[PDB]
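Just one chain is shown here, as structure tokens, and it is the form deposited in one PDB entry.
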């Protein structure tokens, strides 16, 4: 059984906060690697994943990668890259070692630039993937006029910037564009004054509590308002200066949250022969005491993407692998072409790439009394929206009007 070596790069240490993503996904990764070996899917070969700790640090991450090339076996591709700055450094240099990379957790939109990152792919939708989903939601509820509220931090300004192009050539007006650094109250006042009704928010969890406090004070809530904000905040995030908790909850009531879908809701057998539900149970048993990570399905599907890529690259070679050194441009091109062909049903839904970018599922939630509740999903492949009947609600007799 000759090994097919893969360079696993991620924060694994307890000393690093993002080390929880790396460790949270390892039980999912072990389950996929186990089945592939047990069933000898890549016979004569076995999938050999080597792990190297990036520590979520630019310098430690680059050294981890250099040390893997120097002292490690001959890796055919890179699996991982979690923290955005570390991933960007590694992803930019890939062609130097003819290494195709597949990430399961780096969501920075920057990585979609195929001039700068040609050898980079990811199973996870990027931060910008919420924008075609929001367009569908606005079209669904006949919202043709929107206002935007964005935190002046790169993570959010990148999303707002992308929204411009998504809403261009569509019948949707961005009547008011407001930005803030520390306090959103001035910006919330301007939106109220410009009579904005549908607000597209892009800001962090800490700023979100401030936003909704300003919303209560400016009466920018209730039957006439719809807030569409990030769906990735910690649960009970609002509990964690002037507004009361009851007044924050009053202004928050009915907000739409948007984020990627961790796992498919479809009770259909995936590439591994398990449904997403059966996989989720297997992962929860396997993880034991390690805290679960919302990227576990993306890591799982990520291993299946690698196995399928290697199978196809092996077929291509057979038509005309041990010899691969980081020198073989041609083998790297074969791996790259085989990865672009990826098309299977995974635990996170259908696994397809459009220019290295995942075409996946976006989850819509609604804050209802005490918690965020699922109200819909957007399928990026079909560009369709499915709204869950008898879940989504509005304070008035009709959903709010945009003016």
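Numbering follows the first chain given and starts at 1. Just so we're on the same page, rigid core means the largest C-alpha set that superposes within 1.5 Å between forms.
Across the other PDB entries of this protein whose models span the neighbouring residues, residue 140 is modelled without exception, so it is unmodelled in far fewer than a third. Where the other entries of this protein model the residues before and after it, residue 325 is kept in all of them rather than dropped from a third.
Unmodelled stretch separating residue 240 from residue 241: 4 to 9 residues (count of deposited-sequence residues without coordinates). Coordinates are lacking for 4 to 9 deposited residues between residue 320 and residue 321.
Mean CA B-factor, 295-303 versus 191-199: the higher value falls on 191-199. Set 335-343 against 39-47 and average the Cα temperature factors; 39-47 ends up higher. The residue among 96, 169, 73, 289 whose C-alpha carries the highest B-factor in the deposited model is 169. In this entry, the residue among 25, 380, 17, 9 with the greatest C-alpha B factor is 17.
Among the modelled residues of the chain, residue 231 sits in the middle third by CA temperature factor in this PDB entry. When all modelled residues of the chain are sorted by CA temperature factor, residue 85 is found within the lowest third. Ranked within its chain, residue 122 lands in the lowest third, by CA B factor from the PDB record.
Ranked by C-alpha B-factor against the other modelled residues of its chain, residue 370 falls in the highest third. Annotation for residue 133: CA B-factor lies in the lowest third of the chain's modelled residues.
The form deposited in another entry is left out here; the points below concern that form.
Shift analysis on the rigid core between this form and the one not shown singles out 186 from 265, 285, 186, 142 (C-alpha displacement of 2 Å or more).
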